[PDB]
Amino acid sequence: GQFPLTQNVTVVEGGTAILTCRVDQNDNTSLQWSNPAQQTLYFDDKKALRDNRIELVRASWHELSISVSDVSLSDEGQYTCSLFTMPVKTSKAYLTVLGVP
Amino acid sequence: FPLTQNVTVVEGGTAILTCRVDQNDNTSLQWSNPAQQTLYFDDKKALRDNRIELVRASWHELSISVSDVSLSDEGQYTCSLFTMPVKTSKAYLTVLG
Ligand SMILES: *[C@@H]1O[C@H](CO)[C@@H](O)[C@H](O)[C@H]1NC(C)=O
Ligand SMILES: *[C@@H]1O[C@H](CO)[C@@H](O)[C@H](O)[C@H]1NC(C)=O
Ligand SMILES: *[C@@H]1O[C@H](CO)[C@@H](O)[C@H](O)[C@H]1NC(C)=O
């Protein structure tokens, strides 16, 4: 229904992760990604946090997807997608970063 | 260069939160609440609490109004300026009963 859906992601240190938040049924209602520190990454199609590694895969009413390139072990953690229905709905994607053997 | 200030409001009253940037190009401002929920991202409303309104948004100022305040609204609101790296200024909202 009108609920944000995300999945856990696993990526190798140095590789590129893609975090995807989807909504089955939606209008206008805005989506937003934040990082483990709760800082905003994108608000719909508008970049927030300047970090040149974080870029926009897709922004629409049904999808908000972002790529983190050249990931490091310190990107590991819980990312949150928020959809601004009243009350707000959230869904978490835990990003795991594997070291190179 | 984000600059905000502590604000006092009597319970049931309306508080205004103002964030100021002395010189700015086209870098974004965002207010968020003590839970860290985004309220306004520039002129774009986020959290849907219909008590929260936009007073003013431009590159030099982001101001929002909280009408009808309650005791649970008390605390640290943060203004963010998305420079590289990000800069923040907190305003503390005191609500008296
Ligand atoms: C996603 O990751 C967290 C990491 O601890 C975990 O609790 C959760 O179960 C994971 N999702 C699953 C198992 O579907
Ligand atoms: C989307 O458009 C509506 C019209 O119903 C506009 O008034 C409103 O601000 C937007 N609503 C959102 C973002 O929830
Ligand atoms: C704003 O409020 C907090 C905590 O009550 C305080 O630490 C800060 O100094 C305050 N602002 C002033 C004194 O202007």
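All heavy atoms count here, side chains included; hydrogens, waters and symmetry mates do not. So that the names make sense, note that chain A is the first sequence line, chain B the second, and so on, each numbered from 1.
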Is B:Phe1 reachable from A:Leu49 through a run of I, L, V, M, F, W or Y residues, each pair having side-chain heavy atoms under 4.5 Å apart?
-> yes
Could you grab the distance from atom OG1 of A:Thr40 to atom CD of B:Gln37, nearest 0.5 Å is fine?
-> 11.5 Å
Which of B:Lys44, B:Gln30, B:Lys45 touches chain A most, by non-hydrogen pairs under 4.5 Å | B:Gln30
Give a yes or no on whether A:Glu63 atom CD has more than 12 heavy-atom contacts from other residues, nucleotides or ligands under 6.0 Å away.
-> yes
Hydrophobic cluster identity match, B:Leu54 and A:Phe43, side-chain contacts under 4.5 Å | yes
Members of residues 75-88 of chain B whose heavy atoms come closer than 4.5 Å to chain A | B:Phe82, B:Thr83, B:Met84, B:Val86
Tell me, yes or no, whether the heavy-atom count around A:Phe3 atom CZ, taken from other residues, nucleotides or ligands under 6.0 Å, exceeds 12.
-> no
Are A:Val9 and A:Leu73 grouped together when hydrophobic residues (ILVMFWY) are joined by side-chain heavy atoms under 4.5 angstrom apart?
-> yes
Above 12 or not: heavy atoms from other molecules or residues under 6.0 Å from CG of B:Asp22?
-> no
